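Pasted below: coords.pdb, PDB, C-alpha atoms.
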ATOM      1  CA  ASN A   1      49.480  56.758 181.572  1.00  0.00           C
ATOM      2  CA  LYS A   2      50.575  58.165 178.230  1.00  0.00           C
ATOM      3  CA  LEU A   3      50.310  61.874 177.584  1.00  0.00           C
ATOM      4  CA  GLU A   4      46.799  62.637 176.334  1.00  0.00           C
ATOM      5  CA  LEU A   5      46.603  64.594 173.081  1.00  0.00           C
ATOM      6  CA  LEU A   6      43.811  67.096 172.527  1.00  0.00           C
ATOM      7  CA  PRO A   7      43.893  68.371 169.001  1.00  0.00           C
ATOM      8  CA  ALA A   8      42.176  71.764 168.860  1.00  0.00           C
ATOM      9  CA  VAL A   9      39.390  73.221 166.803  1.00  0.00           C
ATOM     10  CA  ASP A  10      38.836  76.936 167.453  1.00  0.00           C
ATOM     11  CA  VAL A  11      35.777  78.468 165.790  1.00  0.00           C
ATOM     12  CA  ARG A  12      35.310  82.043 164.592  1.00  0.00           C
ATOM     13  CA  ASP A  13      32.503  83.036 162.212  1.00  0.00           C
ATOM     14  CA  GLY A  14      31.872  79.347 161.544  1.00  0.00           C
ATOM     15  CA  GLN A  15      35.445  78.687 160.439  1.00  0.00           C
ATOM     16  CA  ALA A  16      38.304  76.714 161.920  1.00  0.00           C
ATOM     17  CA  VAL A  17      40.944  79.272 162.916  1.00  0.00           C
ATOM     18  CA  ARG A  18      44.136  79.716 164.858  1.00  0.00           C
ATOM     19  CA  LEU A  19      45.163  82.894 166.757  1.00  0.00           C
ATOM     20  CA  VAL A  20      48.515  84.397 167.766  1.00  0.00           C
ATOM     21  CA  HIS A  21      48.821  85.311 171.467  1.00  0.00           C
ATOM     22  CA  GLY A  22      45.058  84.844 171.750  1.00  0.00           C
ATOM     23  CA  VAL A  23      44.452  88.168 170.032  1.00  0.00           C
ATOM     24  CA  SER A  24      41.160  88.837 168.272  1.00  0.00           C
ATOM     25  CA  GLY A  25      41.887  89.653 164.644  1.00  0.00           C
ATOM     26  CA  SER A  26      44.997  87.453 164.371  1.00  0.00           C
ATOM     27  CA  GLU A  27      43.001  84.562 162.912  1.00  0.00           C
ATOM     28  CA  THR A  28      44.435  82.279 160.243  1.00  0.00           C
ATOM     29  CA  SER A  29      41.529  80.288 158.709  1.00  0.00           C
ATOM     30  CA  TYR A  30      41.670  76.608 157.735  1.00  0.00           C
ATOM     31  CA  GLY A  31      38.138  75.867 156.554  1.00  0.00           C
ATOM     32  CA  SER A  32      35.460  73.714 158.095  1.00  0.00           C
ATOM     33  CA  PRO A  33      35.667  73.073 161.834  1.00  0.00           C
ATOM     34  CA  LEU A  34      33.458  70.020 161.471  1.00  0.00           C
ATOM     35  CA  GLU A  35      35.659  68.487 158.803  1.00  0.00           C
ATOM     36  CA  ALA A  36      38.713  69.270 160.940  1.00  0.00           C
ATOM     37  CA  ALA A  37      37.279  67.602 164.045  1.00  0.00           C
ATOM     38  CA  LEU A  38      36.292  64.504 162.052  1.00  0.00           C
ATOM     39  CA  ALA A  39      39.789  64.311 160.543  1.00  0.00           C
ATOM     40  CA  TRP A  40      41.368  64.353 164.013  1.00  0.00           C
ATOM     41  CA  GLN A  41      38.929  61.645 165.145  1.00  0.00           C
ATOM     42  CA  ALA A  42      39.677  59.537 162.068  1.00  0.00           C
ATOM     43  CA  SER A  43      43.430  59.724 162.729  1.00  0.00           C
ATOM     44  CA  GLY A  44      42.895  58.338 166.243  1.00  0.00           C
ATOM     45  CA  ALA A  45      42.262  61.355 168.506  1.00  0.00           C
ATOM     46  CA  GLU A  46      40.863  60.413 171.918  1.00  0.00           C
ATOM     47  CA  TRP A  47      39.953  64.037 172.648  1.00  0.00           C
ATOM     48  CA  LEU A  48      38.795  67.124 170.820  1.00  0.00           C
ATOM     49  CA  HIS A  49      39.527  70.551 172.354  1.00  0.00           C
ATOM     50  CA  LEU A  50      36.746  72.731 170.914  1.00  0.00           C
ATOM     51  CA  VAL A  51      36.692  76.514 171.374  1.00  0.00           C
ATOM     52  CA  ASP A  52      33.985  79.051 170.504  1.00  0.00           C
ATOM     53  CA  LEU A  53      36.081  82.165 169.993  1.00  0.00           C
ATOM     54  CA  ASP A  54      33.093  84.348 169.176  1.00  0.00           C
ATOM     55  CA  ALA A  55      31.630  83.533 172.563  1.00  0.00           C
ATOM     56  CA  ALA A  56      35.094  84.132 174.127  1.00  0.00           C
ATOM     57  CA  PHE A  57      35.360  87.578 172.529  1.00  0.00           C
ATOM     58  CA  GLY A  58      31.697  88.462 172.999  1.00  0.00           C
ATOM     59  CA  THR A  59      30.968  88.733 169.280  1.00  0.00           C
ATOM     60  CA  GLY A  60      27.929  86.495 169.047  1.00  0.00           C
ATOM     61  CA  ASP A  61      28.586  82.782 169.214  1.00  0.00           C
ATOM     62  CA  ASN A  62      28.710  79.524 167.305  1.00  0.00           C
ATOM     63  CA  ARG A  63      26.424  77.566 169.627  1.00  0.00           C
ATOM     64  CA  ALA A  64      24.525  75.476 167.050  1.00  0.00           C
ATOM     65  CA  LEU A  65      27.715  74.561 165.228  1.00  0.00           C
ATOM     66  CA  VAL A  66      29.583  73.715 168.418  1.00  0.00           C
ATOM     67  CA  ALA A  67      26.641  71.483 169.400  1.00  0.00           C
ATOM     68  CA  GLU A  68      26.751  69.832 165.972  1.00  0.00           C
ATOM     69  CA  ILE A  69      30.487  69.176 166.161  1.00  0.00           C
ATOM     70  CA  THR A  70      30.270  67.797 169.683  1.00  0.00           C
ATOM     71  CA  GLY A  71      27.411  65.495 168.739  1.00  0.00           C
ATOM     72  CA  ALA A  72      29.336  64.238 165.733  1.00  0.00           C
ATOM     73  CA  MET A  73      32.201  63.080 167.960  1.00  0.00           C
ATOM     74  CA  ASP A  74      32.422  59.519 169.204  1.00  0.00           C
ATOM     75  CA  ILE A  75      35.415  60.663 171.271  1.00  0.00           C
ATOM     76  CA  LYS A  76      35.737  62.900 174.367  1.00  0.00           C
ATOM     77  CA  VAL A  77      35.171  66.656 173.908  1.00  0.00           C
ATOM     78  CA  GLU A  78      36.500  69.520 176.033  1.00  0.00           C
ATOM     79  CA  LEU A  79      34.571  72.702 175.252  1.00  0.00           C
ATOM     80  CA  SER A  80      35.728  76.242 175.997  1.00  0.00           C
ATOM     81  CA  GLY A  81      34.949  79.850 175.184  1.00  0.00           C
ATOM     82  CA  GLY A  82      32.921  82.516 176.943  1.00  0.00           C
ATOM     83  CA  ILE A  83      31.646  80.198 179.667  1.00  0.00           C
ATOM     84  CA  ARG A  84      30.996  82.943 182.180  1.00  0.00           C
ATOM     85  CA  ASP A  85      27.463  82.679 183.526  1.00  0.00           C
ATOM     86  CA  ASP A  86      24.632  80.192 184.119  1.00  0.00           C
ATOM     87  CA  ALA A  87      23.293  80.364 180.582  1.00  0.00           C
ATOM     88  CA  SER A  88      26.598  79.955 178.762  1.00  0.00           C
ATOM     89  CA  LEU A  89      27.512  77.102 181.123  1.00  0.00           C
ATOM     90  CA  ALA A  90      24.115  75.449 180.521  1.00  0.00           C
ATOM     91  CA  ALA A  91      24.524  75.822 176.760  1.00  0.00           C
ATOM     92  CA  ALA A  92      27.944  74.230 176.870  1.00  0.00           C
ATOM     93  CA  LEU A  93      26.891  71.326 179.070  1.00  0.00           C
ATOM     94  CA  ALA A  94      23.879  70.673 176.850  1.00  0.00           C
ATOM     95  CA  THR A  95      26.220  69.816 173.932  1.00  0.00           C
ATOM     96  CA  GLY A  96      27.003  66.637 175.837  1.00  0.00           C
ATOM     97  CA  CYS A  97      30.695  67.509 176.035  1.00  0.00           C
ATOM     98  CA  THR A  98      32.876  65.560 178.449  1.00  0.00           C
ATOM     99  CA  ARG A  99      34.081  68.672 180.283  1.00  0.00           C
ATOM    100  CA  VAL A 100      34.151  72.428 179.907  1.00  0.00           C
ATOM    101  CA  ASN A 101      36.771  75.053 180.651  1.00  0.00           C
ATOM    102  CA  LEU A 102      36.188  78.230 182.648  1.00  0.00           C
ATOM    103  CA  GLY A 103      38.748  80.966 181.986  1.00  0.00           C
ATOM    104  CA  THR A 104      37.960  84.653 182.585  1.00  0.00           C
ATOM    105  CA  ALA A 105      35.140  83.624 184.954  1.00  0.00           C
ATOM    106  CA  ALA A 106      37.678  82.412 187.529  1.00  0.00           C
ATOM    107  CA  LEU A 107      39.230  85.850 187.585  1.00  0.00           C
ATOM    108  CA  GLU A 108      36.249  88.109 187.254  1.00  0.00           C
ATOM    109  CA  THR A 109      33.604  86.126 189.177  1.00  0.00           C
ATOM    110  CA  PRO A 110      35.473  83.766 191.502  1.00  0.00           C
ATOM    111  CA  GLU A 111      32.439  82.949 193.617  1.00  0.00           C
ATOM    112  CA  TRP A 112      30.431  81.979 190.561  1.00  0.00           C
ATOM    113  CA  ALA A 113      33.292  79.780 189.370  1.00  0.00           C
ATOM    114  CA  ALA A 114      33.612  78.160 192.807  1.00  0.00           C
ATOM    115  CA  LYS A 115      29.905  77.403 192.744  1.00  0.00           C
ATOM    116  CA  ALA A 116      30.205  75.834 189.279  1.00  0.00           C
ATOM    117  CA  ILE A 117      33.033  73.644 190.537  1.00  0.00           C
ATOM    118  CA  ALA A 118      30.987  72.608 193.575  1.00  0.00           C
ATOM    119  CA  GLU A 119      27.934  71.768 191.462  1.00  0.00           C
ATOM    120  CA  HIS A 120      29.598  70.082 188.432  1.00  0.00           C
ATOM    121  CA  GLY A 121      32.827  68.607 189.832  1.00  0.00           C
ATOM    122  CA  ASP A 122      35.207  67.228 187.264  1.00  0.00           C
ATOM    123  CA  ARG A 123      32.997  68.317 184.331  1.00  0.00           C
ATOM    124  CA  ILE A 124      34.820  71.628 185.055  1.00  0.00           C
ATOM    125  CA  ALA A 125      38.455  72.487 184.441  1.00  0.00           C
ATOM    126  CA  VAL A 126      39.863  75.995 184.840  1.00  0.00           C
ATOM    127  CA  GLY A 127      41.938  77.646 182.120  1.00  0.00           C
ATOM    128  CA  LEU A 128      44.846  79.710 183.358  1.00  0.00           C
ATOM    129  CA  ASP A 129      46.227  82.114 180.743  1.00  0.00           C
ATOM    130  CA  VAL A 130      49.631  83.222 181.968  1.00  0.00           C
ATOM    131  CA  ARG A 131      52.244  85.836 181.279  1.00  0.00           C
ATOM    132  CA  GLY A 132      55.119  85.378 183.726  1.00  0.00           C
ATOM    133  CA  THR A 133      53.141  84.861 186.929  1.00  0.00           C
ATOM    134  CA  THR A 134      50.249  87.114 185.998  1.00  0.00           C
ATOM    135  CA  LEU A 135      46.879  85.736 184.898  1.00  0.00           C
ATOM    136  CA  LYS A 136      45.044  87.389 181.990  1.00  0.00           C
ATOM    137  CA  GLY A 137      41.383  87.526 181.029  1.00  0.00           C
ATOM    138  CA  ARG A 138      39.182  88.752 178.214  1.00  0.00           C
ATOM    139  CA  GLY A 139      44.148  89.932 186.340  1.00  0.00           C
ATOM    140  CA  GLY A 140      45.472  87.733 189.173  1.00  0.00           C
ATOM    141  CA  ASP A 141      48.553  86.118 190.777  1.00  0.00           C
ATOM    142  CA  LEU A 142      49.200  82.642 189.431  1.00  0.00           C
ATOM    143  CA  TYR A 143      50.051  80.891 192.685  1.00  0.00           C
ATOM    144  CA  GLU A 144      47.484  82.694 194.817  1.00  0.00           C
ATOM    145  CA  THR A 145      44.758  81.799 192.310  1.00  0.00           C
ATOM    146  CA  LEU A 146      45.930  78.210 192.013  1.00  0.00           C
ATOM    147  CA  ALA A 147      45.874  77.885 195.785  1.00  0.00           C
ATOM    148  CA  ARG A 148      42.324  79.332 195.975  1.00  0.00           C
ATOM    149  CA  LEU A 149      41.042  77.107 193.186  1.00  0.00           C
ATOM    150  CA  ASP A 150      42.642  74.047 194.799  1.00  0.00           C
ATOM    151  CA  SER A 151      40.845  74.777 198.056  1.00  0.00           C
ATOM    152  CA  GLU A 152      37.593  75.158 196.154  1.00  0.00           C
ATOM    153  CA  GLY A 153      38.015  71.647 194.799  1.00  0.00           C
ATOM    154  CA  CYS A 154      38.987  72.451 191.227  1.00  0.00           C
ATOM    155  CA  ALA A 155      39.599  69.132 189.426  1.00  0.00           C
ATOM    156  CA  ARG A 156      41.967  70.171 186.662  1.00  0.00           C
ATOM    157  CA  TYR A 157      43.817  73.120 185.067  1.00  0.00           C
ATOM    158  CA  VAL A 158      44.503  74.036 181.452  1.00  0.00           C
ATOM    159  CA  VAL A 159      47.660  76.139 181.457  1.00  0.00           C
ATOM    160  CA  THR A 160      48.370  78.446 178.478  1.00  0.00           C
ATOM    161  CA  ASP A 161      51.455  80.666 178.142  1.00  0.00           C
ATOM    162  CA  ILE A 162      49.935  83.558 176.187  1.00  0.00           C
ATOM    163  CA  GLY A 163      53.317  84.570 174.841  1.00  0.00           C
ATOM    164  CA  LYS A 164      53.677  81.123 173.202  1.00  0.00           C
ATOM    165  CA  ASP A 165      50.114  80.661 171.864  1.00  0.00           C
ATOM    166  CA  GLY A 166      49.999  80.271 168.092  1.00  0.00           C
ATOM    167  CA  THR A 167      53.694  81.077 167.673  1.00  0.00           C
ATOM    168  CA  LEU A 168      55.245  77.680 166.876  1.00  0.00           C
ATOM    169  CA  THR A 169      58.225  78.576 169.129  1.00  0.00           C
ATOM    170  CA  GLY A 170      57.750  75.681 171.627  1.00  0.00           C
ATOM    171  CA  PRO A 171      55.846  75.270 174.925  1.00  0.00           C
ATOM    172  CA  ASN A 172      56.876  76.965 178.159  1.00  0.00           C
ATOM    173  CA  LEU A 173      58.104  73.878 179.979  1.00  0.00           C
ATOM    174  CA  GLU A 174      59.326  75.832 183.023  1.00  0.00           C
ATOM    175  CA  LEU A 175      55.882  77.365 183.584  1.00  0.00           C
ATOM    176  CA  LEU A 176      54.304  73.943 183.325  1.00  0.00           C
ATOM    177  CA  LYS A 177      56.820  72.287 185.727  1.00  0.00           C
ATOM    178  CA  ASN A 178      56.180  74.898 188.365  1.00  0.00           C
ATOM    179  CA  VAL A 179      52.395  74.816 188.126  1.00  0.00           C
ATOM    180  CA  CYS A 180      52.682  71.021 188.528  1.00  0.00           C
ATOM    181  CA  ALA A 181      54.913  71.554 191.541  1.00  0.00           C
ATOM    182  CA  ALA A 182      52.287  73.869 193.116  1.00  0.00           C
ATOM    183  CA  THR A 183      49.125  71.753 192.640  1.00  0.00           C
ATOM    184  CA  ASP A 184      48.380  68.022 192.831  1.00  0.00           C
ATOM    185  CA  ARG A 185      45.536  68.370 190.269  1.00  0.00           C
ATOM    186  CA  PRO A 186      46.145  67.296 186.649  1.00  0.00           C
ATOM    187  CA  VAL A 187      47.534  69.947 184.306  1.00  0.00           C
ATOM    188  CA  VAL A 188      46.814  70.166 180.605  1.00  0.00           C
ATOM    189  CA  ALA A 189      49.513  71.984 178.575  1.00  0.00           C
ATOM    190  CA  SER A 190      48.345  74.449 175.946  1.00  0.00           C
ATOM    191  CA  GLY A 191      50.190  76.663 173.500  1.00  0.00           C
ATOM    192  CA  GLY A 192      53.377  76.808 171.526  1.00  0.00           C
ATOM    193  CA  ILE A 193      53.750  73.142 170.527  1.00  0.00           C
ATOM    194  CA  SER A 194      55.816  73.160 167.334  1.00  0.00           C
ATOM    195  CA  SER A 195      57.409  69.778 166.894  1.00  0.00           C
ATOM    196  CA  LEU A 196      57.468  66.127 167.830  1.00  0.00           C
ATOM    197  CA  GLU A 197      60.401  66.932 170.123  1.00  0.00           C
ATOM    198  CA  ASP A 198      58.076  69.297 172.001  1.00  0.00           C
ATOM    199  CA  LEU A 199      55.676  66.439 172.536  1.00  0.00           C
ATOM    200  CA  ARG A 200      58.481  64.182 173.791  1.00  0.00           C
ATOM    201  CA  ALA A 201      59.412  66.899 176.271  1.00  0.00           C
ATOM    202  CA  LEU A 202      55.815  67.170 177.462  1.00  0.00           C
ATOM    203  CA  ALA A 203      55.477  63.392 177.675  1.00  0.00           C
ATOM    204  CA  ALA A 204      58.471  63.371 180.012  1.00  0.00           C
ATOM    205  CA  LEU A 205      56.529  65.589 182.416  1.00  0.00           C
ATOM    206  CA  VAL A 206      53.623  63.169 182.816  1.00  0.00           C
ATOM    207  CA  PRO A 207      55.079  61.837 186.123  1.00  0.00           C
ATOM    208  CA  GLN A 208      55.198  65.407 187.465  1.00  0.00           C
ATOM    209  CA  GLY A 209      51.533  65.997 186.671  1.00  0.00           C
ATOM    210  CA  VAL A 210      51.162  66.962 183.023  1.00  0.00           C
ATOM    211  CA  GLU A 211      48.144  64.894 181.988  1.00  0.00           C
ATOM    212  CA  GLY A 212      47.679  66.072 178.424  1.00  0.00           C
ATOM    213  CA  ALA A 213      48.551  68.568 175.730  1.00  0.00           C
ATOM    214  CA  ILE A 214      46.346  70.699 173.512  1.00  0.00           C
ATOM    215  CA  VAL A 215      47.800  70.875 170.003  1.00  0.00           C
ATOM    216  CA  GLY A 216      46.727  73.623 167.599  1.00  0.00           C
ATOM    217  CA  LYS A 217      48.797  75.293 164.895  1.00  0.00           C
ATOM    218  CA  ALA A 218      51.433  72.526 164.596  1.00  0.00           C
ATOM    219  CA  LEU A 219      48.719  70.252 163.178  1.00  0.00           C
ATOM    220  CA  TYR A 220      47.032  72.836 160.893  1.00  0.00           C
ATOM    221  CA  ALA A 221      50.401  74.060 159.565  1.00  0.00           C
ATOM    222  CA  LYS A 222      51.579  70.487 159.102  1.00  0.00           C
ATOM    223  CA  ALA A 223      54.634  70.537 161.340  1.00  0.00           C
ATOM    224  CA  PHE A 224      53.649  66.945 162.034  1.00  0.00           C
ATOM    225  CA  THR A 225      50.667  64.678 161.599  1.00  0.00           C
ATOM    226  CA  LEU A 226      48.341  63.582 164.375  1.00  0.00           C
ATOM    227  CA  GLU A 227      49.379  60.001 163.521  1.00  0.00           C
ATOM    228  CA  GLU A 228      53.041  60.902 164.203  1.00  0.00           C
ATOM    229  CA  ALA A 229      52.039  62.665 167.411  1.00  0.00           C
ATOM    230  CA  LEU A 230      50.103  59.674 168.739  1.00  0.00           C
ATOM    231  CA  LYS A 231      52.999  57.311 167.899  1.00  0.00           C
ATOM    232  CA  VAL A 232      55.553  59.547 169.585  1.00  0.00           C
ATOM    233  CA  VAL A 233      53.728  59.735 172.930  1.00  0.00           C
ATOM    234  CA  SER A 234      53.238  55.941 172.880  1.00  0.00           C
ATOM    235  CA  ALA A 235      55.742  53.723 174.607  1.00  0.00           C
TER     236      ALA A 235
END

With the file now loaded, output its structure as structure tokens.
Amino acid sequence: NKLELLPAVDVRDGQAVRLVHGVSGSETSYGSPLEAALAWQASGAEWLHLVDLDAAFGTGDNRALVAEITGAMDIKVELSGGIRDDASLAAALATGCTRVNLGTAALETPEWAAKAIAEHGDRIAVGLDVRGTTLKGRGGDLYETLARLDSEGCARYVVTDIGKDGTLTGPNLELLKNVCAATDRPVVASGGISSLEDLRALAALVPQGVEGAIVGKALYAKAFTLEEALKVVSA
């Protein structure tokens, strides 16, 4: 398969935004998140990666708007942000998204996350936010957690290097290679993508287990177009 591209739309206070290092308050705003999602779809996106950052940070939420965006997509939607308990998981699933991501929940409430995995299967992926080998949440050892989540039947991982997120300095390819070497489950790369060369490098890791790549600031800051990105990961 080709590398899947998941252009991102992160929502804060009803706006499309990008963060640096995932830090609340580092937002750059780009306007309407609905218009952004529809633009990605129009350019040929197969996936939207949609994030409710208010829910992630515990500052209210954008539930109605996230539901509207998801419903406006004819393409697959991965939804993330603050999915930490039965009600936030139910709200997310009710958007009709293709899959959700659990992040902090895997660290803070591992038994709840295991139960969600058992009950929803591959509608769940787990986000791993990494610095070095340490997991972070809004702690844990990367390989111990990966091993535990594997044994619990986790279908898929979304791996973010926090130090690269929103920085346009390139992805952490070594991190990604070694997570792929540790689990047989598909890995989605997130954070740092800055150039078409970065995408070529990620595409070369598909045989090792990199299934897809979430692309954020490179698209909003026009490092390349989504059309270029889709061409480059094609054969």

Practice problem: List, as a list in words, every residue that the PyMOL selection byres ((chain A and resi 147) around 12) selects in the file provided. | Solution: residues 140, 141, 142, 143, 144, 145, 146, 148, 149, 150, 151, 152, 153, 154, 157, 179, 181, 182, 183, 184 and 185 of chain A

Quiz item: Got a sec to resolve the PyMOL selection byres ((chain A and resi 195) around 8) on this structure and send the residues as a count of residues only?
Solution: 10

Quiz item: How far is it from atom CA of residue 234 of chain A to atom CA of residue 99 of chain A, in Å with one decimal?
Solution: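 Those two atoms sit 24.2 Å apart.
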
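The smallest atom-to-atom distance between residue 98 of chain A and any of A:131, A:60, A:117, A:49, using all atoms listed in the file, is found for A:49.
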
Quiz item: Separation of atom CA of residue 41 of chain A and atom CA of residue 11 of chain A, in Å?
Solution: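 Separating atom CA of residue 41 of chain A from atom CA of residue 11 of chain A is a distance of 17.1 Å.
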
Practice problem: Would you mind reading off the distance between atom CA of residue 222 of chain A and atom CA of residue 15 of chain A, one decimal, in Å? | Solution: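 Atom CA of residue 15 of chain A lies at a distance of 18.1 Å from atom CA of residue 222 of chain A.
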
Quiz item: Near residue 4 of chain A, counting all atoms listed in the file, which residues have an atom at most 9 Å away, once you skip same-chain residues fewer than 5 positions from it, shown as a list in words?
Solution: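 Using all atoms listed in the file, the neighbours found are residues 46, 47, 188, 203, 211, 212, 213, 214, 230 and 233 of chain A.
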
Exercise. Translate the PyMOL selection byres ((chain A and resi 113) around 10), as applied to the file shown, into an explicit residue set as a VMD selection string.
Key: chain A and resid 83 to 85 102 to 112 114 to 119 124 126 149 152 154

Quiz prompt | Closest of A:165, A:122, A:68, A:27 to residue 191 of chain A - atom-to-atom distances counting all atoms listed in the file | solution =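 Between A:165, A:122, A:68, A:27, the residue approaching residue 191 of chain A most closely is A:165.
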
Quiz item: Between A:136, A:21, A:2, A:156, which one has atoms that come closest to residue 217 of chain A, using only C-alpha atoms?
Solution: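 Once distances to residue 217 of chain A are computed over only C-alpha atoms, the minimum belongs to A:21.
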
Exercise. With a distance cut-off of 10 Å and all atoms listed in the file, select the neighbouring residues of residue 221 of chain A, excluding the residue or stretch itself and same-chain residues fewer than 6 positions from it, and output the selection as a PyMOL selection string.
Key: chain A and resi 18+30+168+194

Put a box with edges along x, y and z around all the listed atoms of segment 127-137 of chain A, pad it by 3 Å on each side, then give me its centre and sizes in Å, one decimal, as JSON.
{"center_x": 48.3, "center_y": 82.6, "center_z": 183.8, "size_x": 19.7, "size_y": 15.9, "size_z": 12.2}
